[PDB]
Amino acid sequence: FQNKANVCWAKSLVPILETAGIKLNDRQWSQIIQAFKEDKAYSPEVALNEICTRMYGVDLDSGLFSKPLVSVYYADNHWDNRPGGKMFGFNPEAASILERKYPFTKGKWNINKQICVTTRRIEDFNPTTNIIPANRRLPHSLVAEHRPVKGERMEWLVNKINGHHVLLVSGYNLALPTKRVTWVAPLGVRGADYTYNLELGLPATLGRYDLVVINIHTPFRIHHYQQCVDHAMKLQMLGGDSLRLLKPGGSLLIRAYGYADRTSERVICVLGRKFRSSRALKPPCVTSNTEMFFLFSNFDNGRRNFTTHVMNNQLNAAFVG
């Protein structure tokens, strides 16, 4: 982990990966997880889903890392292996179940190889292999090819949504004359009301608003599914932290790419329980084939029954390309 200052989360996983016979070099870490390459704060559990997906061709629902062997503990923007945190570790019982569906794997799990489930082979690591987990039933349609879209202005979408007091979380500002905007931006951006390291979330000190607009982009790489994976931690952090920045009856608009991966779908289920209605949009103001907006409307900080069934059908219609 040479010349990396914010990868404590990656260090927290080496003991968990060691239980499964996995040892990743700095190049493999960089290729699998974008946040490692860019040296940014992250979660070990999220990272471990990505590593597990790439190395075994199946996400964490396979249960490969579900044996509680090694703890990961979070304490004031810093991860270590103290006991009392969520525990992970290689689970032979979960491997044994996968050996029936995949006979070739037998006795080749814990040898630091990439279990390519597609072409039934066990090869060295490859950045292009195991992008989508074979075990996971994807909640909605994806697109075969990323394509830019010369679209409409986003102001069109935002001006339709009710709420005078707006919080804009964005790299750039919008023209909203009818709205009272408080613009929050990443560090080094000028012209904003506030600047924060957005890889550490949104501070509660910002106050409560009628409309919260999470407008952070995530570069495309490899596939639609991978763009959801790369965007997942922003949903977790910015979407979750927005819950303490909403007045009663307020709304949360989030630029995103769907919830194709396990992590993104969890976040959306947590958020969906606190709003009267939750909608997945694909309006004319998108910049690409893969983009979409989550509109969570009428916040009550409640806990209602919420399934992704309605947004699944919405996104099935939205994602055709």
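Numbering starts at 1 and runs along the sequence shown.
Between 74-82 and 138-146, it is 74-82 that carries the larger average Cα temperature factor according to the deposited entry.
Judged by mean Cα B factor in the deposited record, 147-155 ranks above the other of 221-229 and 147-155. When the C-alpha B factors of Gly171, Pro133, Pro103, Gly239 are read from the deposited coordinates, the top value falls at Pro103. Among all modelled residues in this chain, the alpha-carbon of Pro92 has a temperature factor (C-alpha) in the highest third. Among all modelled residues in this chain, the alpha-carbon of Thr308 has a temperature factor (C-alpha) in the highest third. When the CA B factors of the chain's modelled residues are split into thirds, the value for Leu48 lands in the lowest one. For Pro177, the recorded CA temperature factor ranks within the highest third of the chain's modelled residues.
For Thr129, the recorded CA B-factor ranks within the lowest third of the chain. Only modelled residues enter the ranking.
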